[PDB]
Amino acid sequence: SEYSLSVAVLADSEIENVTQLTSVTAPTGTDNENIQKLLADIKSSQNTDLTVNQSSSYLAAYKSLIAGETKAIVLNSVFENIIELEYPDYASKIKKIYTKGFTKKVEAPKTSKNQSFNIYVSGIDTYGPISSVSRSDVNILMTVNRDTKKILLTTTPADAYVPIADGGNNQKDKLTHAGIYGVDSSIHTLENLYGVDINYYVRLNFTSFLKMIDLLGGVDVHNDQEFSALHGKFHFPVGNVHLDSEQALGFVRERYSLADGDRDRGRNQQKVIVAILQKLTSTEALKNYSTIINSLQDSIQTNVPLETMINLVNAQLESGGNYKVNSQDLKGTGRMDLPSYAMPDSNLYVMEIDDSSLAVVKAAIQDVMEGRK
Ligand SMILES: CC(C)=CCC/C(C)=C\CC/C(C)=C\CC/C(C)=C\CC/C(C)=C\CC/C(C)=C\CC/C(C)=C\CC/C(C)=C\COP(=O)(O)OP(=O)(O)O
């Protein structure tokens, strides 16, 4: 993966280059490794020593820059998308006078040592190309036991107030924000929360979802409550419903009008996962899995190795047999009085986790993995 650290000044600054500076403001408390590599690079290429004025975060550095309290900041490009949350026009306010590119070797998928594995499904709140950055409003863990032919779907509410890994600095914030830092942040956040290994991920957005449902010929679900979606464009009666791509997207997005609100939306997403799995495990879909990869690979990101896909597909082609699917959701209490790490100046709704629910959720994941009752 690729990111950059830059030295940024205000767009209209007289400063043109780093040799004109004596100090820079940077969050060395939380991004010190990266910051020190940038400073060493500046020393190497420009023979310029800079002292650091410590900021509490990249957001804090940005605030100091626009307040005119510092002349220059360090900016790590990952954190641009976080700054954008409180300051949507930040890009127009700054210029970059020095740039250093970075690469982080990707954390490999973990092959499970037994019959079970966990796949994390991240759904990103945007249309367009898959590289588009946004929050992850779908966060479903699929625990699959190939020996017992059981799958457990664990939904964690987008607003769940949890320690956010990596860029989140292990500070509490809504889970959906982890997806802005990147899929690694989402994965490690949920690994930490549930005490489990996540073997693989799949990341997709609105446009990805539409393409996938299109390719599979729609999906079929049993709808439990009458509702409408997308400012009344679609109406879903009680009973068996076929969903084409646009209908399915409406079906998984509506929450406010549902009897159990976001929990019912989570359940509707689980129904749609089951229906997708039913299409994906048809003899035709399995035989044609390579065409499905070819058709969706530009819009769906995953670290499931090709090798593993071939094993999963062919084992299913040989054996048949459907997976029994069960579902659960992490519960808690909605509050508007708890601080957001990413958006410290905003009052956001978050869901404070219920400890007893967390214990139950963890025990159910372990039971399915171990092939227990
Ligand atoms: C068959 C095979 C491959 C193998 C054999 C089977 C086997 C042995 C195992 C199975 C496992 C494997 C390896 C593969 C199968 C593929 C799997 C596991 C899953 C497929 C399902 C999938 C990839 C996605 C479904 C995700 C889903 C339900 C929804 C995504 C919708 C999106 C992107 C966003 C919605 C965001 C929301 C809720 C609100 C924003 O919207 P809002 O309007 O509120 O906000 P605003 O827009 O206004 O801001």
# chains A, B, ... in the order shown; residues from 1 in each chain; ligands from 1
call {"tool": "residues_near_ligand", "arguments": {"ligand": "ligand 1", "cutoff": "7 Å", "atoms": "only C-alpha atoms and all ligand atoms", "output": "PyMOL selection string"}}
result
chain A and resi 119+121+123-126+137-138+142+144+146+202+204-206+208-209+249+252-254+269-270+272-273+276-277+280-281+286+309+312-313+316
call {"tool": "closest_atom_pairs", "arguments": {"of": "stretch 295-366 of chain A", "to": "stretch 175-197 of chain A", "cutoff": "8 Å", "atoms": "only C-alpha atoms", "output": "tab-separated table"}}
result
residue	atom	partner	partner_atom	distance
A:342	CA	A:177	CA	7.4
A:358	CA	A:194	CA	7.7
A:361	CA	A:194	CA	7.9
A:362	CA	A:194	CA	5.7
call {"tool": "write_last_selection", "arguments": {"atoms": "C-alpha atoms", "output": "PDB file, in the first residue's frame"}}
result
ATOM      1  CA  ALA A 342     -12.011  11.630  14.552  1.00  0.00           C
ATOM      2  CA  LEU A 358     -20.258  -8.659  23.899  1.00  0.00           C
ATOM      3  CA  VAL A 361     -21.339 -12.586  20.779  1.00  0.00           C
ATOM      4  CA  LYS A 362     -17.772 -13.747  21.527  1.00  0.00           C
TER       5      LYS A 362
END
call {"tool": "residues_around", "arguments": {"residues": "residue A:308", "least_positions_apart": "3", "cutoff": "12 Å", "atoms": "only C-alpha atoms", "output": "list in words"}}
result
residues 109, 110, 111, 112, 117, 199, 200, 302, 303, 304, 305, 311, 312, 313, 314 and 315 of chain A
call {"tool": "select_by_dssp", "arguments": {"residues": "stretch 192-281 of chain A", "states": "strand (DSSP E or B)", "output": "PDB file with N, CA and C atoms, in the first residue's frame"}}
result
ATOM      1  N   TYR A 200      -9.590 -13.223   6.278  1.00  0.00           N
ATOM      2  CA  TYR A 200      -9.737 -12.552   4.979  1.00  0.00           C
ATOM      3  C   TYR A 200     -10.723 -11.405   5.104  1.00  0.00           C
ATOM      4  N   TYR A 201     -10.663 -10.478   4.152  1.00  0.00           N
ATOM      5  CA  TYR A 201     -11.684  -9.441   4.048  1.00  0.00           C
ATOM      6  C   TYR A 201     -12.221  -9.343   2.625  1.00  0.00           C
ATOM      7  N   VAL A 202     -13.396  -8.742   2.518  1.00  0.00           N
ATOM      8  CA  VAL A 202     -13.942  -8.307   1.253  1.00  0.00           C
ATOM      9  C   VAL A 202     -14.428  -6.882   1.484  1.00  0.00           C
ATOM     10  N   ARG A 203     -14.011  -5.954   0.617  1.00  0.00           N
ATOM     11  CA  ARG A 203     -14.438  -4.553   0.724  1.00  0.00           C
ATOM     12  C   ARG A 203     -15.146  -4.153  -0.571  1.00  0.00           C
ATOM     13  N   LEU A 204     -16.343  -3.573  -0.457  1.00  0.00           N
ATOM     14  CA  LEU A 204     -17.122  -3.195  -1.640  1.00  0.00           C
ATOM     15  C   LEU A 204     -17.946  -1.949  -1.353  1.00  0.00           C
ATOM     16  N   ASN A 205     -18.328  -1.215  -2.397  1.00  0.00           N
ATOM     17  CA  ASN A 205     -19.149  -0.008  -2.190  1.00  0.00           C
ATOM     18  C   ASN A 205     -20.506  -0.139  -2.899  1.00  0.00           C
ATOM     19  N   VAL A 219     -31.465 -11.160  -6.273  1.00  0.00           N
ATOM     20  CA  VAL A 219     -31.512 -12.061  -5.114  1.00  0.00           C
ATOM     21  C   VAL A 219     -32.934 -12.213  -4.572  1.00  0.00           C
ATOM     22  N   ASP A 220     -33.173 -13.303  -3.854  1.00  0.00           N
ATOM     23  CA  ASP A 220     -34.506 -13.592  -3.348  1.00  0.00           C
ATOM     24  C   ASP A 220     -34.444 -13.710  -1.840  1.00  0.00           C
ATOM     25  N   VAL A 221     -35.322 -12.969  -1.163  1.00  0.00           N
ATOM     26  CA  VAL A 221     -35.349 -12.967   0.302  1.00  0.00           C
ATOM     27  C   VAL A 221     -36.787 -13.093   0.791  1.00  0.00           C
ATOM     28  N   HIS A 222     -36.962 -13.424   2.067  1.00  0.00           N
ATOM     29  CA  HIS A 222     -38.285 -13.345   2.680  1.00  0.00           C
ATOM     30  C   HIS A 222     -38.305 -12.101   3.547  1.00  0.00           C
ATOM     31  N   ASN A 223     -39.163 -11.154   3.184  1.00  0.00           N
ATOM     32  CA  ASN A 223     -39.279  -9.902   3.906  1.00  0.00           C
ATOM     33  C   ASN A 223     -40.305 -10.010   5.038  1.00  0.00           C
ATOM     34  N   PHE A 227     -42.150  -2.288   4.229  1.00  0.00           N
ATOM     35  CA  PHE A 227     -41.464  -0.989   4.274  1.00  0.00           C
ATOM     36  C   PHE A 227     -41.135  -0.464   2.888  1.00  0.00           C
ATOM     37  N   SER A 228     -40.787   0.818   2.822  1.00  0.00           N
ATOM     38  CA  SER A 228     -40.340   1.418   1.570  1.00  0.00           C
ATOM     39  C   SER A 228     -38.937   1.956   1.736  1.00  0.00           C
ATOM     40  N   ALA A 229     -38.252   2.141   0.613  1.00  0.00           N
ATOM     41  CA  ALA A 229     -36.892   2.651   0.634  1.00  0.00           C
ATOM     42  C   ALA A 229     -36.659   3.725  -0.426  1.00  0.00           C
ATOM     43  N   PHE A 234     -39.119   2.463  -3.718  1.00  0.00           N
ATOM     44  CA  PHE A 234     -39.377   1.024  -3.718  1.00  0.00           C
ATOM     45  C   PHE A 234     -40.245   0.672  -2.548  1.00  0.00           C
ATOM     46  N   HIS A 235     -41.147  -0.277  -2.761  1.00  0.00           N
ATOM     47  CA  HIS A 235     -42.015  -0.755  -1.711  1.00  0.00           C
ATOM     48  C   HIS A 235     -41.833  -2.268  -1.568  1.00  0.00           C
ATOM     49  N   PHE A 236     -41.587  -2.719  -0.341  1.00  0.00           N
ATOM     50  CA  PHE A 236     -41.376  -4.129  -0.069  1.00  0.00           C
ATOM     51  C   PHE A 236     -42.497  -4.690   0.805  1.00  0.00           C
ATOM     52  N   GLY A 239     -43.468 -11.007   2.732  1.00  0.00           N
ATOM     53  CA  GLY A 239     -43.490 -12.269   1.991  1.00  0.00           C
ATOM     54  C   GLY A 239     -42.244 -12.436   1.147  1.00  0.00           C
ATOM     55  N   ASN A 240     -42.258 -13.413   0.247  1.00  0.00           N
ATOM     56  CA  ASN A 240     -41.105 -13.624  -0.626  1.00  0.00           C
ATOM     57  C   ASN A 240     -41.001 -12.505  -1.662  1.00  0.00           C
ATOM     58  N   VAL A 241     -39.815 -11.903  -1.764  1.00  0.00           N
ATOM     59  CA  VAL A 241     -39.547 -10.781  -2.665  1.00  0.00           C
ATOM     60  C   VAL A 241     -38.294 -11.059  -3.509  1.00  0.00           C
ATOM     61  N   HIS A 242     -38.366 -10.817  -4.821  1.00  0.00           N
ATOM     62  CA  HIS A 242     -37.180 -10.839  -5.655  1.00  0.00           C
ATOM     63  C   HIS A 242     -36.649  -9.406  -5.741  1.00  0.00           C
ATOM     64  N   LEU A 243     -35.340  -9.251  -5.559  1.00  0.00           N
ATOM     65  CA  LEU A 243     -34.717  -7.926  -5.566  1.00  0.00           C
ATOM     66  C   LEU A 243     -33.730  -7.866  -6.720  1.00  0.00           C
TER      67      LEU A 243
END
call {"tool": "closest_residue", "arguments": {"among": "A:158, A:39, A:108, A:50", "to": "residue A:266", "atoms": "only C-alpha atoms"}}
result
A:158
call {"tool": "residues_around", "arguments": {"residues": "stretch 322-339 of chain A", "least_positions_apart": "4", "cutoff": "7 Å", "atoms": "only C-alpha atoms", "output": "PyMOL selection string"}}
result
chain A and resi 149-157+344+347-354+357-358+361
call {"tool": "write_last_selection", "arguments": {"atoms": "C-alpha atoms", "output": "PDB file, in the first residue's frame"}}
result
ATOM      1  CA  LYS A 149     -21.376 -26.623   7.308  1.00  0.00           C
ATOM      2  CA  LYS A 150     -22.428 -23.754   9.578  1.00  0.00           C
ATOM      3  CA  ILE A 151     -21.999 -20.022   9.078  1.00  0.00           C
ATOM      4  CA  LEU A 152     -22.479 -17.401  11.770  1.00  0.00           C
ATOM      5  CA  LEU A 153     -23.067 -13.789  10.655  1.00  0.00           C
ATOM      6  CA  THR A 154     -22.072 -11.268  13.324  1.00  0.00           C
ATOM      7  CA  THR A 155     -23.131  -7.700  12.676  1.00  0.00           C
ATOM      8  CA  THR A 156     -21.448  -4.890  14.567  1.00  0.00           C
ATOM      9  CA  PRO A 157     -23.416  -1.612  14.346  1.00  0.00           C
ATOM     10  CA  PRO A 344     -13.753  15.955  18.538  1.00  0.00           C
ATOM     11  CA  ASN A 347     -21.701  15.812  18.887  1.00  0.00           C
ATOM     12  CA  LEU A 348     -22.218  12.461  17.149  1.00  0.00           C
ATOM     13  CA  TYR A 349     -24.582   9.596  17.931  1.00  0.00           C
ATOM     14  CA  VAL A 350     -22.635   6.499  19.053  1.00  0.00           C
ATOM     15  CA  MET A 351     -23.703   3.143  20.509  1.00  0.00           C
ATOM     16  CA  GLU A 352     -22.111   2.337  23.859  1.00  0.00           C
ATOM     17  CA  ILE A 353     -21.537  -1.445  23.906  1.00  0.00           C
ATOM     18  CA  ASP A 354     -23.409  -3.719  26.322  1.00  0.00           C
ATOM     19  CA  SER A 357     -24.001  -8.744  24.680  1.00  0.00           C
ATOM     20  CA  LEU A 358     -20.258  -8.659  23.899  1.00  0.00           C
ATOM     21  CA  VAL A 361     -21.339 -12.586  20.779  1.00  0.00           C
TER      22      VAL A 361
END
call {"tool": "atom_distance", "arguments": {"atom1": "atom CA of residue A:79", "atom2": "atom CA of residue A:58"}}
result
6.6 Å
call {"tool": "closest_atom_pairs", "arguments": {"of": "stretch 23-72 of chain A", "to": "stretch 98-107 of chain A", "cutoff": "10 Å", "atoms": "only C-alpha atoms", "output": "Markdown table"}}
result
| residue | atom | partner | partner_atom | distance |
| --- | --- | --- | --- | --- |
| A:34 | CA | A:102 | CA | 8.6 |
| A:37 | CA | A:100 | CA | 8.9 |
| A:38 | CA | A:100 | CA | 6.5 |
| A:39 | CA | A:100 | CA | 9.8 |
| A:41 | CA | A:100 | CA | 7.7 |
| A:42 | CA | A:98 | CA | 8.4 |
call {"tool": "closest_residue", "arguments": {"among": "A:47, A:4, A:30, A:25", "to": "residue A:63", "atoms": "only C-alpha atoms"}}
result
A:25
call {"tool": "closest_residue", "arguments": {"among": "A:246, A:210, A:166, A:264", "to": "residue A:300", "atoms": "only C-alpha atoms"}}
result
A:210
call {"tool": "select_by_dssp", "arguments": {"residues": "stretch 95-289 of chain A", "states": "helix (DSSP H, G or I)", "output": "JSON, numbers by chain"}}
result
{"A": [166, 167, 168, 175, 176, 177, 178, 179, 180, 181, 183, 184, 185, 186, 187, 188, 189, 190, 191, 192, 193, 194, 206, 207, 208, 209, 210, 211, 212, 213, 214, 215, 216, 245, 246, 247, 248, 249, 250, 251, 252, 253, 261, 262, 263, 264, 265, 266, 267, 268, 269, 270, 271, 272, 273, 274, 275, 276, 277, 278, 279, 280, 283, 284, 285, 286, 287, 289]}
call {"tool": "write_last_selection", "arguments": {"atoms": "C-alpha atoms", "output": "PDB file, in the first residue's frame"}}
result
ATOM      1  CA  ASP A 166      -4.038   1.737  13.763  1.00  0.00           C
ATOM      2  CA  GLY A 167      -4.824   5.294  12.591  1.00  0.00           C
ATOM      3  CA  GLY A 168      -7.537   5.484  15.281  1.00  0.00           C
ATOM      4  CA  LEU A 175     -16.656   1.713  14.148  1.00  0.00           C
ATOM      5  CA  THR A 176     -17.617   3.130  10.749  1.00  0.00           C
ATOM      6  CA  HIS A 177     -14.756   5.650  11.060  1.00  0.00           C
ATOM      7  CA  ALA A 178     -12.214   2.796  11.013  1.00  0.00           C
ATOM      8  CA  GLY A 179     -13.007   2.378   7.275  1.00  0.00           C
ATOM      9  CA  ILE A 180     -11.753   5.932   6.584  1.00  0.00           C
ATOM     10  CA  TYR A 181      -8.284   4.986   7.930  1.00  0.00           C
ATOM     11  CA  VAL A 183      -9.537  -1.774   5.796  1.00  0.00           C
ATOM     12  CA  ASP A 184      -6.607  -2.776   8.052  1.00  0.00           C
ATOM     13  CA  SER A 185      -7.984  -0.414  10.744  1.00  0.00           C
ATOM     14  CA  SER A 186     -11.474  -1.993  10.465  1.00  0.00           C
ATOM     15  CA  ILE A 187     -10.030  -5.502  10.587  1.00  0.00           C
ATOM     16  CA  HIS A 188      -7.761  -4.965  13.585  1.00  0.00           C
ATOM     17  CA  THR A 189     -10.509  -3.045  15.433  1.00  0.00           C
ATOM     18  CA  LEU A 190     -12.822  -6.074  15.166  1.00  0.00           C
ATOM     19  CA  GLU A 191     -10.025  -8.552  15.907  1.00  0.00           C
ATOM     20  CA  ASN A 192      -9.352  -6.582  19.120  1.00  0.00           C
ATOM     21  CA  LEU A 193     -13.059  -6.275  20.005  1.00  0.00           C
ATOM     22  CA  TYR A 194     -13.960  -9.965  19.618  1.00  0.00           C
ATOM     23  CA  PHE A 206     -22.646   0.874  -3.546  1.00  0.00           C
ATOM     24  CA  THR A 207     -21.515   0.581  -7.179  1.00  0.00           C
ATOM     25  CA  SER A 208     -19.743  -2.726  -6.437  1.00  0.00           C
ATOM     26  CA  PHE A 209     -22.894  -4.118  -4.795  1.00  0.00           C
ATOM     27  CA  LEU A 210     -25.090  -3.152  -7.781  1.00  0.00           C
ATOM     28  CA  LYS A 211     -22.686  -4.813 -10.255  1.00  0.00           C
ATOM     29  CA  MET A 212     -22.569  -8.000  -8.175  1.00  0.00           C
ATOM     30  CA  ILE A 213     -26.366  -8.323  -7.821  1.00  0.00           C
ATOM     31  CA  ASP A 214     -26.738  -7.602 -11.589  1.00  0.00           C
ATOM     32  CA  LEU A 215     -24.277 -10.374 -12.406  1.00  0.00           C
ATOM     33  CA  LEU A 216     -26.077 -12.893 -10.190  1.00  0.00           C
ATOM     34  CA  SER A 245     -29.781  -4.606  -7.974  1.00  0.00           C
ATOM     35  CA  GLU A 246     -31.383  -1.193  -7.278  1.00  0.00           C
ATOM     36  CA  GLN A 247     -34.166  -2.770  -5.193  1.00  0.00           C
ATOM     37  CA  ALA A 248     -31.541  -4.720  -3.188  1.00  0.00           C
ATOM     38  CA  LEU A 249     -29.533  -1.566  -2.512  1.00  0.00           C
ATOM     39  CA  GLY A 250     -32.695   0.168  -1.194  1.00  0.00           C
ATOM     40  CA  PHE A 251     -33.487  -2.969   0.837  1.00  0.00           C
ATOM     41  CA  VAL A 252     -30.114  -2.847   2.648  1.00  0.00           C
ATOM     42  CA  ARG A 253     -30.026   0.945   3.219  1.00  0.00           C
ATOM     43  CA  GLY A 261     -34.473   0.592  13.162  1.00  0.00           C
ATOM     44  CA  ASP A 262     -30.781  -0.070  12.503  1.00  0.00           C
ATOM     45  CA  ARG A 263     -31.011  -3.568  14.022  1.00  0.00           C
ATOM     46  CA  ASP A 264     -33.626  -4.505  11.439  1.00  0.00           C
ATOM     47  CA  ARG A 265     -31.408  -2.956   8.734  1.00  0.00           C
ATOM     48  CA  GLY A 266     -28.594  -5.218   9.984  1.00  0.00           C
ATOM     49  CA  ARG A 267     -30.959  -8.208   9.726  1.00  0.00           C
ATOM     50  CA  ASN A 268     -31.940  -7.227   6.162  1.00  0.00           C
ATOM     51  CA  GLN A 269     -28.243  -7.111   5.243  1.00  0.00           C
ATOM     52  CA  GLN A 270     -27.848 -10.630   6.726  1.00  0.00           C
ATOM     53  CA  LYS A 271     -30.809 -11.850   4.601  1.00  0.00           C
ATOM     54  CA  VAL A 272     -29.111 -10.424   1.513  1.00  0.00           C
ATOM     55  CA  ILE A 273     -25.772 -12.142   2.383  1.00  0.00           C
ATOM     56  CA  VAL A 274     -27.619 -15.439   2.612  1.00  0.00           C
ATOM     57  CA  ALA A 275     -29.330 -14.819  -0.745  1.00  0.00           C
ATOM     58  CA  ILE A 276     -25.960 -13.868  -2.363  1.00  0.00           C
ATOM     59  CA  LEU A 277     -24.403 -17.056  -0.975  1.00  0.00           C
ATOM     60  CA  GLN A 278     -27.280 -19.058  -2.454  1.00  0.00           C
ATOM     61  CA  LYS A 279     -26.579 -17.578  -5.929  1.00  0.00           C
ATOM     62  CA  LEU A 280     -22.789 -17.995  -5.546  1.00  0.00           C
ATOM     63  CA  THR A 283     -23.591 -25.143  -9.933  1.00  0.00           C
ATOM     64  CA  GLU A 284     -23.407 -22.511 -12.723  1.00  0.00           C
ATOM     65  CA  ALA A 285     -21.877 -19.798 -10.519  1.00  0.00           C
ATOM     66  CA  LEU A 286     -19.306 -22.216  -9.126  1.00  0.00           C
ATOM     67  CA  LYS A 287     -18.319 -23.611 -12.555  1.00  0.00           C
ATOM     68  CA  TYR A 289     -16.292 -18.605 -10.743  1.00  0.00           C
TER      69      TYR A 289
END
call {"tool": "decode", "arguments": {"residues": "stretch 62-77 of chain A", "atoms": "C-alpha atoms", "output": "PDB file, in the first residue's frame"}}
result
ATOM      1  CA  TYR A  62      -4.232  21.488  10.673  1.00  0.00           C
ATOM      2  CA  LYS A  63      -6.199  23.703  13.108  1.00  0.00           C
ATOM      3  CA  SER A  64      -2.955  25.366  14.246  1.00  0.00           C
ATOM      4  CA  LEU A  65      -1.985  26.032  10.608  1.00  0.00           C
ATOM      5  CA  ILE A  66      -5.277  27.681   9.670  1.00  0.00           C
ATOM      6  CA  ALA A  67      -5.288  29.660  12.971  1.00  0.00           C
ATOM      7  CA  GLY A  68      -1.860  31.046  11.988  1.00  0.00           C
ATOM      8  CA  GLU A  69      -0.314  29.575  15.153  1.00  0.00           C
ATOM      9  CA  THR A  70       2.284  27.591  13.175  1.00  0.00           C
ATOM     10  CA  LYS A  71       3.775  28.308   9.717  1.00  0.00           C
ATOM     11  CA  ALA A  72       4.073  24.650   8.613  1.00  0.00           C
ATOM     12  CA  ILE A  73       2.797  21.169   9.398  1.00  0.00           C
ATOM     13  CA  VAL A  74       3.563  17.602   8.569  1.00  0.00           C
ATOM     14  CA  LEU A  75       0.607  15.860   6.855  1.00  0.00           C
ATOM     15  CA  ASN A  76       0.316  12.100   6.448  1.00  0.00           C
ATOM     16  CA  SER A  77      -2.040  11.599   3.460  1.00  0.00           C
TER      17      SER A  77
END
